[PDB]
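Colleague: Okay, so here is model-v4.txt, and as you'll see once you scroll down, it has compact mmCIF, N, CA and C atoms.
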# COMPACT_ATOMS: atom_id res chain seq x y z
N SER A 22 90.29 110.79 48.06
CA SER A 22 90.83 112.07 47.54
C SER A 22 91.13 112.01 46.05
N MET A 23 91.23 113.17 45.43
CA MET A 23 91.61 113.20 44.06
C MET A 23 93.06 112.71 43.89
N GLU A 24 93.94 113.03 44.85
CA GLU A 24 95.36 112.60 44.73
C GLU A 24 95.44 111.01 44.71
N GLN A 25 94.63 110.37 45.57
CA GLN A 25 94.60 108.88 45.66
C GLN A 25 94.21 108.30 44.35
N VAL A 26 93.18 108.85 43.73
CA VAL A 26 92.80 108.47 42.35
C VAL A 26 93.89 108.61 41.29
N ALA A 27 94.60 109.76 41.34
CA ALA A 27 95.70 110.07 40.38
C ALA A 27 96.80 109.01 40.51
N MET A 28 97.17 108.73 41.77
CA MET A 28 98.13 107.66 42.12
C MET A 28 97.65 106.29 41.61
N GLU A 29 96.37 106.00 41.82
CA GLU A 29 95.80 104.75 41.33
C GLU A 29 95.77 104.68 39.80
N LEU A 30 95.57 105.80 39.11
CA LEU A 30 95.65 105.79 37.65
C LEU A 30 97.10 105.47 37.15
N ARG A 31 98.09 106.07 37.81
CA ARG A 31 99.55 105.83 37.54
C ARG A 31 99.87 104.34 37.73
N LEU A 32 99.41 103.77 38.84
CA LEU A 32 99.59 102.32 39.11
C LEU A 32 98.95 101.46 38.01
N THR A 33 97.75 101.85 37.56
CA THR A 33 97.05 101.15 36.54
C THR A 33 97.81 101.21 35.26
N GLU A 34 98.35 102.38 34.93
CA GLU A 34 99.11 102.49 33.71
C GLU A 34 100.46 101.72 33.81
N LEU A 35 101.07 101.74 34.97
CA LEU A 35 102.32 100.95 35.17
C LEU A 35 102.00 99.47 34.94
N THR A 36 100.85 99.03 35.48
CA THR A 36 100.37 97.67 35.32
C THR A 36 100.18 97.35 33.87
N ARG A 37 99.63 98.29 33.08
CA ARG A 37 99.52 98.09 31.64
C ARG A 37 100.87 97.89 30.98
N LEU A 38 101.83 98.70 31.34
CA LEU A 38 103.14 98.62 30.69
C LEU A 38 103.84 97.30 31.12
N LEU A 39 103.75 96.95 32.41
CA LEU A 39 104.33 95.67 32.91
C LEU A 39 103.65 94.45 32.30
N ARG A 40 102.35 94.51 32.03
CA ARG A 40 101.72 93.40 31.34
C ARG A 40 102.34 93.19 29.97
N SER A 41 102.57 94.27 29.22
CA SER A 41 103.22 94.18 27.91
C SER A 41 104.70 93.63 28.05
N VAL A 42 105.44 94.15 29.02
CA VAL A 42 106.80 93.65 29.30
C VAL A 42 106.74 92.15 29.59
N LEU A 43 105.79 91.75 30.42
CA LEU A 43 105.70 90.36 30.83
C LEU A 43 105.45 89.46 29.63
N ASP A 44 104.57 89.93 28.73
CA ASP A 44 104.29 89.15 27.53
C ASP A 44 105.48 88.98 26.66
N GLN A 45 106.25 90.05 26.51
CA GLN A 45 107.45 90.03 25.72
C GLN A 45 108.52 89.12 26.31
N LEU A 46 108.66 89.13 27.62
CA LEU A 46 109.66 88.24 28.28
C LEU A 46 109.26 86.79 28.16
N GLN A 47 107.99 86.51 28.36
CA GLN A 47 107.53 85.18 28.28
C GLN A 47 107.62 84.59 26.84
N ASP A 48 107.59 85.43 25.81
CA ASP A 48 107.84 84.94 24.46
C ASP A 48 109.25 84.47 24.26
N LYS A 49 110.17 84.95 25.08
CA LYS A 49 111.54 84.47 25.04
C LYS A 49 111.74 83.13 25.71
N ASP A 50 110.62 82.51 26.08
CA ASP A 50 110.58 81.17 26.76
C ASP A 50 109.62 80.30 25.98
N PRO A 51 109.97 79.98 24.73
CA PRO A 51 108.96 79.25 23.93
C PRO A 51 108.78 77.80 24.39
N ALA A 52 109.78 77.25 25.07
CA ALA A 52 109.62 75.91 25.65
C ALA A 52 108.69 75.86 26.89
N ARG A 53 108.30 77.02 27.43
CA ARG A 53 107.43 77.13 28.62
C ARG A 53 108.05 76.48 29.87
N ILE A 54 109.37 76.55 29.94
CA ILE A 54 110.13 76.04 31.07
C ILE A 54 109.80 76.82 32.34
N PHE A 55 109.54 78.11 32.16
CA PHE A 55 109.31 79.02 33.34
C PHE A 55 107.85 79.48 33.53
N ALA A 56 106.95 78.86 32.77
CA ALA A 56 105.54 79.18 32.81
C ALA A 56 104.82 78.96 34.11
N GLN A 57 105.17 77.89 34.84
CA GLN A 57 104.46 77.53 36.04
C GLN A 57 105.45 77.27 37.21
N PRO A 58 104.95 77.27 38.45
CA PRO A 58 105.82 76.87 39.58
C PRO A 58 106.41 75.53 39.44
N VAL A 59 107.69 75.38 39.82
CA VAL A 59 108.26 74.04 39.97
C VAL A 59 107.32 73.21 40.91
N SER A 60 106.92 72.04 40.41
CA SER A 60 106.04 71.11 41.14
C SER A 60 106.71 70.46 42.39
N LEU A 61 106.16 70.70 43.58
CA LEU A 61 106.74 70.12 44.78
C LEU A 61 106.34 68.67 44.86
N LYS A 62 105.29 68.25 44.11
CA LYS A 62 105.05 66.78 43.99
C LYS A 62 106.16 66.11 43.22
N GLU A 63 106.57 66.69 42.09
CA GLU A 63 107.65 66.16 41.22
C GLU A 63 109.14 66.47 41.63
N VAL A 64 109.34 67.57 42.38
CA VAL A 64 110.67 67.94 42.93
C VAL A 64 110.46 68.19 44.43
N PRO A 65 110.31 67.08 45.22
CA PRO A 65 109.91 67.24 46.62
C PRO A 65 110.90 67.99 47.52
N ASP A 66 112.18 67.97 47.17
CA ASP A 66 113.24 68.66 47.92
C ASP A 66 113.45 70.14 47.50
N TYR A 67 112.60 70.65 46.59
CA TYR A 67 112.96 71.93 45.90
C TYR A 67 113.20 73.06 46.91
N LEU A 68 112.34 73.14 47.92
CA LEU A 68 112.40 74.24 48.88
C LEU A 68 113.57 74.13 49.84
N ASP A 69 114.25 72.97 49.89
CA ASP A 69 115.51 72.84 50.56
C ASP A 69 116.61 73.61 49.81
N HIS A 70 116.44 73.76 48.51
CA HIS A 70 117.44 74.37 47.61
C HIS A 70 117.09 75.85 47.37
N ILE A 71 115.85 76.13 47.03
CA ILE A 71 115.41 77.43 46.55
C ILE A 71 114.40 78.00 47.58
N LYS A 72 114.83 79.11 48.19
CA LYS A 72 113.98 79.72 49.24
C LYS A 72 112.84 80.61 48.77
N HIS A 73 112.98 81.21 47.59
CA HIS A 73 111.96 82.05 47.04
C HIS A 73 111.70 81.61 45.55
N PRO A 74 110.87 80.59 45.40
CA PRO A 74 110.50 80.14 44.04
C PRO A 74 109.75 81.24 43.29
N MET A 75 109.86 81.20 41.96
CA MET A 75 109.15 82.17 41.15
C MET A 75 108.92 81.57 39.77
N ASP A 76 107.94 82.09 39.07
CA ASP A 76 107.59 81.61 37.71
C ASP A 76 106.64 82.65 37.07
N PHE A 77 106.41 82.56 35.78
CA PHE A 77 105.62 83.57 35.11
C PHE A 77 104.14 83.60 35.55
N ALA A 78 103.54 82.46 35.90
CA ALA A 78 102.13 82.47 36.30
C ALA A 78 101.97 83.20 37.65
N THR A 79 102.91 82.97 38.55
CA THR A 79 102.90 83.63 39.85
C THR A 79 103.09 85.16 39.64
N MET A 80 103.98 85.57 38.74
CA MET A 80 104.18 87.00 38.43
C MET A 80 102.88 87.62 37.87
N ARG A 81 102.21 86.88 37.00
CA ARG A 81 100.99 87.36 36.40
C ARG A 81 99.88 87.57 37.46
N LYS A 82 99.77 86.67 38.43
CA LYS A 82 98.80 86.87 39.53
C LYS A 82 99.11 88.17 40.31
N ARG A 83 100.37 88.37 40.66
CA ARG A 83 100.77 89.60 41.33
C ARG A 83 100.46 90.82 40.46
N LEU A 84 100.81 90.74 39.20
CA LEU A 84 100.59 91.84 38.28
C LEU A 84 99.11 92.26 38.26
N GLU A 85 98.22 91.29 38.09
CA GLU A 85 96.80 91.57 37.91
C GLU A 85 96.11 92.02 39.17
N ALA A 86 96.70 91.78 40.35
CA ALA A 86 96.30 92.40 41.56
C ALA A 86 96.97 93.78 41.75
N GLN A 87 97.56 94.34 40.68
CA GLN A 87 98.40 95.57 40.80
C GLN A 87 99.38 95.51 41.96
N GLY A 88 100.05 94.36 42.10
CA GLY A 88 100.98 94.16 43.18
C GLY A 88 102.41 94.61 42.94
N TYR A 89 102.72 95.10 41.73
CA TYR A 89 104.03 95.72 41.47
C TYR A 89 103.96 97.27 41.55
N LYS A 90 104.60 97.82 42.56
CA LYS A 90 104.61 99.31 42.76
C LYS A 90 105.52 100.05 41.80
N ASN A 91 106.55 99.37 41.29
CA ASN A 91 107.59 99.99 40.47
C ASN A 91 108.25 98.87 39.63
N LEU A 92 108.94 99.25 38.58
CA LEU A 92 109.67 98.29 37.73
C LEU A 92 110.71 97.48 38.51
N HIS A 93 111.38 98.07 39.49
CA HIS A 93 112.38 97.34 40.32
C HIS A 93 111.77 96.05 40.95
N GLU A 94 110.60 96.17 41.53
CA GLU A 94 109.90 95.00 42.14
C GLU A 94 109.63 93.86 41.10
N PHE A 95 109.22 94.24 39.90
CA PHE A 95 108.95 93.35 38.81
C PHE A 95 110.24 92.70 38.36
N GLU A 96 111.26 93.48 38.12
CA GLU A 96 112.57 92.90 37.78
C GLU A 96 113.12 91.94 38.84
N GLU A 97 112.90 92.22 40.12
CA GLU A 97 113.34 91.32 41.17
C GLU A 97 112.75 89.90 40.97
N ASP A 98 111.46 89.85 40.68
CA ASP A 98 110.76 88.58 40.44
C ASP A 98 111.30 87.91 39.16
N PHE A 99 111.54 88.68 38.10
CA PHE A 99 112.07 88.07 36.87
C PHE A 99 113.45 87.47 37.12
N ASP A 100 114.24 88.20 37.85
CA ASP A 100 115.59 87.73 38.15
C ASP A 100 115.54 86.46 39.01
N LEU A 101 114.56 86.31 39.92
CA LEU A 101 114.40 85.11 40.69
C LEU A 101 114.14 83.90 39.81
N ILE A 102 113.35 84.10 38.78
CA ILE A 102 113.07 82.99 37.84
C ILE A 102 114.39 82.42 37.29
N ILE A 103 115.24 83.35 36.81
CA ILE A 103 116.51 83.01 36.16
C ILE A 103 117.48 82.44 37.19
N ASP A 104 117.64 83.20 38.28
CA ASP A 104 118.69 82.86 39.23
C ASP A 104 118.40 81.55 39.94
N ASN A 105 117.15 81.26 40.25
CA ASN A 105 116.75 80.01 40.91
C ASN A 105 117.11 78.83 40.01
N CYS A 106 116.79 78.98 38.75
CA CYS A 106 117.05 77.91 37.73
C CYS A 106 118.53 77.64 37.60
N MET A 107 119.34 78.70 37.56
CA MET A 107 120.78 78.57 37.36
C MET A 107 121.49 77.99 38.59
N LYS A 108 120.83 78.03 39.76
CA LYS A 108 121.42 77.38 40.92
C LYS A 108 120.99 75.88 40.98
N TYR A 109 119.71 75.61 40.79
CA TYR A 109 119.15 74.25 40.96
C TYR A 109 119.64 73.33 39.89
N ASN A 110 119.77 73.87 38.68
CA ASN A 110 120.15 73.03 37.54
C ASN A 110 121.58 73.21 37.14
N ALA A 111 122.24 72.15 36.72
CA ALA A 111 123.63 72.25 36.26
C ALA A 111 123.76 72.96 34.92
N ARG A 112 124.94 73.49 34.67
CA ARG A 112 125.29 74.15 33.39
C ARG A 112 124.97 73.40 32.10
N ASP A 113 125.08 72.07 32.12
CA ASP A 113 124.87 71.28 30.94
C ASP A 113 123.39 70.88 30.66
N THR A 114 122.44 71.57 31.28
CA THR A 114 121.07 71.13 31.22
C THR A 114 120.29 72.06 30.35
N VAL A 115 119.23 71.52 29.76
CA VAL A 115 118.30 72.35 28.97
C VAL A 115 117.68 73.46 29.82
N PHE A 116 117.42 73.18 31.09
CA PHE A 116 116.90 74.19 32.00
C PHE A 116 117.81 75.38 32.21
N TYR A 117 119.05 75.11 32.56
CA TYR A 117 120.05 76.20 32.80
C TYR A 117 120.20 77.00 31.52
N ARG A 118 120.34 76.27 30.40
CA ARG A 118 120.60 76.97 29.13
C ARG A 118 119.39 77.86 28.77
N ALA A 119 118.20 77.39 29.07
CA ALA A 119 116.98 78.17 28.79
C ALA A 119 116.98 79.49 29.61
N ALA A 120 117.42 79.38 30.87
CA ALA A 120 117.52 80.55 31.70
C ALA A 120 118.53 81.56 31.16
N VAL A 121 119.70 81.10 30.67
CA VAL A 121 120.68 82.01 30.13
C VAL A 121 120.10 82.79 28.95
N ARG A 122 119.41 82.07 28.08
CA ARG A 122 118.84 82.65 26.87
C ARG A 122 117.72 83.66 27.18
N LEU A 123 116.92 83.32 28.17
CA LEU A 123 115.87 84.23 28.69
C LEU A 123 116.46 85.49 29.31
N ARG A 124 117.53 85.34 30.10
CA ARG A 124 118.23 86.47 30.67
C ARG A 124 118.76 87.41 29.56
N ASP A 125 119.44 86.80 28.60
CA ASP A 125 120.11 87.57 27.58
C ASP A 125 119.10 88.32 26.71
N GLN A 126 118.07 87.60 26.29
CA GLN A 126 117.02 88.19 25.50
C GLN A 126 116.14 89.17 26.24
N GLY A 127 115.88 88.91 27.51
CA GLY A 127 115.01 89.77 28.30
C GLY A 127 115.68 91.10 28.61
N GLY A 128 117.02 91.09 28.65
CA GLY A 128 117.82 92.30 28.94
C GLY A 128 117.43 93.47 28.07
N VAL A 129 117.25 93.18 26.78
CA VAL A 129 116.89 94.15 25.74
C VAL A 129 115.54 94.81 26.04
N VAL A 130 114.57 93.98 26.40
CA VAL A 130 113.20 94.36 26.70
C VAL A 130 113.21 95.23 27.95
N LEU A 131 113.92 94.77 28.97
CA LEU A 131 113.97 95.49 30.24
C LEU A 131 114.69 96.84 30.15
N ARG A 132 115.69 96.90 29.28
CA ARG A 132 116.41 98.16 29.07
C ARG A 132 115.48 99.28 28.54
N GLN A 133 114.61 98.96 27.57
CA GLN A 133 113.68 99.97 27.05
C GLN A 133 112.51 100.22 28.02
N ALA A 134 112.09 99.20 28.76
CA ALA A 134 111.05 99.37 29.76
C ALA A 134 111.45 100.39 30.78
N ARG A 135 112.69 100.36 31.24
CA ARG A 135 113.17 101.33 32.20
C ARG A 135 113.11 102.76 31.64
N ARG A 136 113.54 102.93 30.40
CA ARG A 136 113.45 104.22 29.75
C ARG A 136 111.98 104.70 29.69
N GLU A 137 111.02 103.82 29.32
CA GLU A 137 109.57 104.18 29.24
C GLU A 137 108.96 104.53 30.60
N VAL A 138 109.37 103.79 31.62
CA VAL A 138 108.90 104.07 32.95
C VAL A 138 109.35 105.43 33.47
N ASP A 139 110.63 105.74 33.33
CA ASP A 139 111.20 107.08 33.63
C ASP A 139 110.59 108.19 32.74
N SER A 140 110.60 107.95 31.43
CA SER A 140 110.08 108.92 30.46
C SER A 140 108.62 109.32 30.76
N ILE A 141 107.68 108.37 30.69
CA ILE A 141 106.26 108.60 31.04
C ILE A 141 106.04 108.95 32.53
N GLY A 142 107.00 108.62 33.39
CA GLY A 142 106.92 108.90 34.83
C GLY A 142 106.06 107.85 35.52
Give the structure from the file, written as structure tokens.
Modeller:
Amino acid sequence: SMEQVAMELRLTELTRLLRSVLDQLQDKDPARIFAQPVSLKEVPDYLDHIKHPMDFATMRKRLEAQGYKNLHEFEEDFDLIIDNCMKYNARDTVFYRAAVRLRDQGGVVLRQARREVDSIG
């Protein structure tokens, strides 16, 4: 139907805007701490601690399959990156501190993204 196409165009454009958001958030991680999944070879107990692992490469795979229906779903995954790190790692670690900085810096980006998503519809 024509309506299905219109909906698919909206999803495509949301995907465009989320790709730009994703790039901007990932620049706030210049150490690449959150770039890839935590290695279960190197952290064999990880899944005992963290039930829903997340990282930027996994988000990018979902994104490119148009797997985010709305900004809320995308933010959920971003928040998992931060929140998982802040539980697994202690406060005095480069990892925890990197997550805090990513959260704080990403807030700004996400605040305007929400306005653009509502504004453009």
Colleague: Grab the atom C of residue 65 of chain A to atom C of residue 53 of chain A distance for me, in Å with one decimal place.
Modeller: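 About the pair atom C of residue 65 of chain A and atom C of residue 53 of chain A: they are 19.8 Å apart.
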Colleague: When DSSP works through the backbone of this structure, what residues of segment 71-118 of chain A end up as alpha helix (DSSP H), shown as number ranges by chain?
Modeller: A: 77-85, 92-109, 115-118
Colleague: Kindly indicate which residue among A:117, A:89, A:77, A:99 lies nearest to residue 55 of chain A, using all atoms listed in the file for the distances.
Modeller: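 Using all atoms listed in the file, residue 55 of chain A sits closest to A:77.
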Colleague: One decimal, Å: what's the distance from atom CA of residue 84 of chain A over to atom CA of residue 36 of chain A, could you say?
Modeller: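 Going from atom CA of residue 84 of chain A over to atom CA of residue 36 of chain A covers 6.5 Å.
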Colleague: Under the rule that only C-alpha atoms are counted, which of A:33, A:110, A:22, A:45 is the nearest residue to residue 131 of chain A?
Modeller: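 Selected residue with least distance to residue 131 of chain A: A:45.
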Colleague: Could you please determine the separation between atom CA of residue 42 of chain A and atom CA of residue 95 of chain A in Å, to one decimal place?
Modeller: 9.8 Å
Colleague: Report as a list in words all protein, DNA and RNA residues lying within 8 Å of residue 92 of chain A, evaluated on all atoms listed in the file, omitting residues in the same chain fewer than 5 positions from it.
Modeller: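 Residues near the query, excluding close chain neighbours: residues 35, 39, 97, 98, 134, 135 and 138 of chain A.
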Colleague: When distances are computed from only C-alpha atoms, which of A:120, A:28, A:130, A:68 shows the smallest separation from residue 43 of chain A?
Modeller: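 Counting only C-alpha atoms, the residue closest to residue 43 of chain A is A:130.
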Colleague: Would you please take segment 25-54 of chain A of the structure in the block above and write N, CA, C and O atoms to a file as a PDB file, in the first residue's frame?
Modeller:
ATOM      1  N   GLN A  25       1.952   2.015   3.656  1.00  0.00           N
ATOM      2  CA  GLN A  25       3.119   1.197   4.103  1.00  0.00           C
ATOM      3  C   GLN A  25       4.386   1.824   3.646  1.00  0.00           C
ATOM      4  O   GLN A  25       5.304   2.005   4.437  1.00  0.00           O
ATOM      5  N   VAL A  26       4.433   2.245   2.390  1.00  0.00           N
ATOM      6  CA  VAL A  26       5.572   3.030   1.870  1.00  0.00           C
ATOM      7  C   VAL A  26       5.907   4.317   2.635  1.00  0.00           C
ATOM      8  O   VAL A  26       7.114   4.584   2.925  1.00  0.00           O
ATOM      9  N   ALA A  27       4.840   5.084   2.951  1.00  0.00           N
ATOM     10  CA  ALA A  27       4.969   6.377   3.686  1.00  0.00           C
ATOM     11  C   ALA A  27       5.603   6.116   5.059  1.00  0.00           C
ATOM     12  O   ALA A  27       6.591   6.798   5.432  1.00  0.00           O
ATOM     13  N   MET A  28       5.073   5.096   5.750  1.00  0.00           N
ATOM     14  CA  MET A  28       5.603   4.611   7.029  1.00  0.00           C
ATOM     15  C   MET A  28       7.073   4.179   6.901  1.00  0.00           C
ATOM     16  O   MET A  28       7.951   4.574   7.716  1.00  0.00           O
ATOM     17  N   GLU A  29       7.375   3.430   5.843  1.00  0.00           N
ATOM     18  CA  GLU A  29       8.750   3.014   5.584  1.00  0.00           C
ATOM     19  C   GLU A  29       9.679   4.193   5.275  1.00  0.00           C
ATOM     20  O   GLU A  29      10.860   4.196   5.662  1.00  0.00           O
ATOM     21  N   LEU A  30       9.180   5.227   4.607  1.00  0.00           N
ATOM     22  CA  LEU A  30      10.001   6.423   4.384  1.00  0.00           C
ATOM     23  C   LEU A  30      10.336   7.151   5.727  1.00  0.00           C
ATOM     24  O   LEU A  30      11.480   7.659   5.897  1.00  0.00           O
ATOM     25  N   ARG A  31       9.339   7.259   6.603  1.00  0.00           N
ATOM     26  CA  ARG A  31       9.482   7.847   7.979  1.00  0.00           C
ATOM     27  C   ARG A  31      10.537   7.059   8.766  1.00  0.00           C
ATOM     28  O   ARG A  31      11.426   7.660   9.361  1.00  0.00           O
ATOM     29  N   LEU A  32      10.444   5.734   8.736  1.00  0.00           N
ATOM     30  CA  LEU A  32      11.442   4.865   9.406  1.00  0.00           C
ATOM     31  C   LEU A  32      12.850   5.096   8.846  1.00  0.00           C
ATOM     32  O   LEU A  32      13.818   5.210   9.616  1.00  0.00           O
ATOM     33  N   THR A  33      12.958   5.243   7.522  1.00  0.00           N
ATOM     34  CA  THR A  33      14.203   5.483   6.871  1.00  0.00           C
ATOM     35  C   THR A  33      14.774   6.788   7.297  1.00  0.00           C
ATOM     36  O   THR A  33      15.991   6.900   7.529  1.00  0.00           O
ATOM     37  N   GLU A  34      13.929   7.809   7.377  1.00  0.00           N
ATOM     38  CA  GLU A  34      14.419   9.104   7.803  1.00  0.00           C
ATOM     39  C   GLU A  34      14.796   9.092   9.319  1.00  0.00           C
ATOM     40  O   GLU A  34      15.825   9.685   9.700  1.00  0.00           O
ATOM     41  N   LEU A  35      14.034   8.381  10.118  1.00  0.00           N
ATOM     42  CA  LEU A  35      14.392   8.251  11.559  1.00  0.00           C
ATOM     43  C   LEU A  35      15.772   7.599  11.663  1.00  0.00           C
ATOM     44  O   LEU A  35      16.632   8.032  12.471  1.00  0.00           O
ATOM     45  N   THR A  36      15.982   6.558  10.833  1.00  0.00           N
ATOM     46  CA  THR A  36      17.248   5.844  10.773  1.00  0.00           C
ATOM     47  C   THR A  36      18.356   6.778  10.395  1.00  0.00           C
ATOM     48  O   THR A  36      19.466   6.696  11.004  1.00  0.00           O
ATOM     49  N   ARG A  37      18.115   7.699   9.434  1.00  0.00           N
ATOM     50  CA  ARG A  37      19.107   8.715   9.097  1.00  0.00           C
ATOM     51  C   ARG A  37      19.452   9.595  10.280  1.00  0.00           C
ATOM     52  O   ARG A  37      20.622   9.926  10.494  1.00  0.00           O
ATOM     53  N   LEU A  38      18.445  10.035  11.005  1.00  0.00           N
ATOM     54  CA  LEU A  38      18.701  10.957  12.116  1.00  0.00           C
ATOM     55  C   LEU A  38      19.428  10.190  13.261  1.00  0.00           C
ATOM     56  O   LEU A  38      20.380  10.706  13.827  1.00  0.00           O
ATOM     57  N   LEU A  39      18.995   8.963  13.540  1.00  0.00           N
ATOM     58  CA  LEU A  39      19.670   8.122  14.573  1.00  0.00           C
ATOM     59  C   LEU A  39      21.103   7.775  14.189  1.00  0.00           C
ATOM     60  O   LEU A  39      21.971   7.669  15.050  1.00  0.00           O
ATOM     61  N   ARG A  40      21.399   7.578  12.902  1.00  0.00           N
ATOM     62  CA  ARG A  40      22.778   7.368  12.508  1.00  0.00           C
ATOM     63  C   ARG A  40      23.638   8.571  12.877  1.00  0.00           C
ATOM     64  O   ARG A  40      24.758   8.399  13.356  1.00  0.00           O
ATOM     65  N   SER A  41      23.145   9.779  12.606  1.00  0.00           N
ATOM     66  CA  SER A  41      23.861  11.003  12.975  1.00  0.00           C
ATOM     67  C   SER A  41      24.024  11.120  14.542  1.00  0.00           C
ATOM     68  O   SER A  41      25.120  11.458  15.048  1.00  0.00           O
ATOM     69  N   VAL A  42      22.944  10.847  15.271  1.00  0.00           N
ATOM     70  CA  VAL A  42      23.001  10.836  16.744  1.00  0.00           C
ATOM     71  C   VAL A  42      24.071   9.838  17.206  1.00  0.00           C
ATOM     72  O   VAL A  42      24.940  10.144  18.087  1.00  0.00           O
ATOM     73  N   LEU A  43      24.060   8.658  16.613  1.00  0.00           N
ATOM     74  CA  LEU A  43      24.970   7.605  17.034  1.00  0.00           C
ATOM     75  C   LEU A  43      26.413   8.038  16.831  1.00  0.00           C
ATOM     76  O   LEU A  43      27.306   7.842  17.723  1.00  0.00           O
ATOM     77  N   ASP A  44      26.668   8.695  15.686  1.00  0.00           N
ATOM     78  CA  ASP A  44      28.019   9.171  15.416  1.00  0.00           C
ATOM     79  C   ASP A  44      28.477  10.189  16.402  1.00  0.00           C
ATOM     80  O   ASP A  44      29.589  10.114  16.892  1.00  0.00           O
ATOM     81  N   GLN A  45      27.584  11.092  16.761  1.00  0.00           N
ATOM     82  CA  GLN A  45      27.875  12.126  17.719  1.00  0.00           C
ATOM     83  C   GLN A  45      28.135  11.565  19.122  1.00  0.00           C
ATOM     84  O   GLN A  45      29.045  12.029  19.828  1.00  0.00           O
ATOM     85  N   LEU A  46      27.364  10.565  19.514  1.00  0.00           N
ATOM     86  CA  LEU A  46      27.569   9.931  20.850  1.00  0.00           C
ATOM     87  C   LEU A  46      28.871   9.173  20.894  1.00  0.00           C
ATOM     88  O   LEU A  46      29.650   9.250  21.887  1.00  0.00           O
ATOM     89  N   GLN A  47      29.170   8.446  19.836  1.00  0.00           N
ATOM     90  CA  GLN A  47      30.366   7.696  19.794  1.00  0.00           C
ATOM     91  C   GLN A  47      31.637   8.586  19.769  1.00  0.00           C
ATOM     92  O   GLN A  47      32.661   8.194  20.252  1.00  0.00           O
ATOM     93  N   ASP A  48      31.548   9.816  19.271  1.00  0.00           N
ATOM     94  CA  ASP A  48      32.673  10.737  19.375  1.00  0.00           C
ATOM     95  C   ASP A  48      32.966  11.141  20.796  1.00  0.00           C
ATOM     96  O   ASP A  48      34.075  11.610  21.076  1.00  0.00           O
ATOM     97  N   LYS A  49      31.979  11.031  21.675  1.00  0.00           N
ATOM     98  CA  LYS A  49      32.199  11.284  23.079  1.00  0.00           C
ATOM     99  C   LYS A  49      32.879  10.151  23.811  1.00  0.00           C
ATOM    100  O   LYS A  49      32.963  10.177  25.100  1.00  0.00           O
ATOM    101  N   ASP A  50      33.338   9.171  23.040  1.00  0.00           N
ATOM    102  CA  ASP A  50      34.048   7.957  23.543  1.00  0.00           C
ATOM    103  C   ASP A  50      35.335   7.815  22.755  1.00  0.00           C
ATOM    104  O   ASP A  50      35.559   6.849  22.048  1.00  0.00           O
ATOM    105  N   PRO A  51      36.253   8.781  22.926  1.00  0.00           N
ATOM    106  CA  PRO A  51      37.436   8.719  22.040  1.00  0.00           C
ATOM    107  C   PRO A  51      38.377   7.567  22.405  1.00  0.00           C
ATOM    108  O   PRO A  51      39.094   7.070  21.566  1.00  0.00           O
ATOM    109  N   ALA A  52      38.304   7.086  23.650  1.00  0.00           N
ATOM    110  CA  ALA A  52      39.088   5.909  24.025  1.00  0.00           C
ATOM    111  C   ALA A  52      38.563   4.578  23.420  1.00  0.00           C
ATOM    112  O   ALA A  52      39.237   3.555  23.491  1.00  0.00           O
ATOM    113  N   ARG A  53      37.367   4.589  22.816  1.00  0.00           N
ATOM    114  CA  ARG A  53      36.730   3.398  22.222  1.00  0.00           C
ATOM    115  C   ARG A  53      36.463   2.284  23.246  1.00  0.00           C
ATOM    116  O   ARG A  53      36.480   1.109  22.934  1.00  0.00           O
ATOM    117  N   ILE A  54      36.186   2.709  24.474  1.00  0.00           N
ATOM    118  CA  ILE A  54      35.848   1.806  25.563  1.00  0.00           C
ATOM    119  C   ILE A  54      34.542   1.068  25.280  1.00  0.00           C
ATOM    120  O   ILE A  54      34.388  -0.165  25.623  1.00  0.00           O
TER     121      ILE A  54
END
